[PDB]
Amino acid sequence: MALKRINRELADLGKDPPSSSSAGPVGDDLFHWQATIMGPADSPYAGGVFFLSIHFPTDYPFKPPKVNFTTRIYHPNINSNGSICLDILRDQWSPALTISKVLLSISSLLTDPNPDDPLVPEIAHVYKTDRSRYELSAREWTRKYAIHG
């Protein structure tokens, strides 16, 4: 079932080996989850903790979930709204995939941004022409918004 599938994934998250990221229902709402992704150690996001909101569609897993960043982040494929340009979230989605797969995808995008498919051309431009300037900004943004108070 739709709700039962979301549950199967929830139960399976606790049966998986201790992972870096975390995810689960908000106020016991199986269709509205909150997730956290640790900024990868091999990136200018290291040290930061990034929160995401996850809304599953009534016809999940046939239709992909809406994933949005609630923590600000300096990244080429993520904007001030939290929107993300990631294949798995749209045309590369199939009922076989899961949130775990998605979180891992988002985590991989963090360590390896995709400047050729920019959502924020300004940031992608820096990533392409002055990588060190981008990493400085990425680290600074992580410091200002992803360390939590």
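When you see a residue number, it is the position in the sequence shown, counting from 1.
As listed in the deposited structure, the average C-alpha B-factor of 137-145 and of 8-16 is greater for 8-16. In this entry, 88-96 shows the higher mean Cα temperature factor of the pair 88-96 and 47-55.
Among the modelled residues of its chain, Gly82 has a C-alpha B-factor that falls in the middle third, as given in the PDB entry. In this PDB entry, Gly27 carries a Cα temperature factor that places it within the highest third of its chain's modelled residues.
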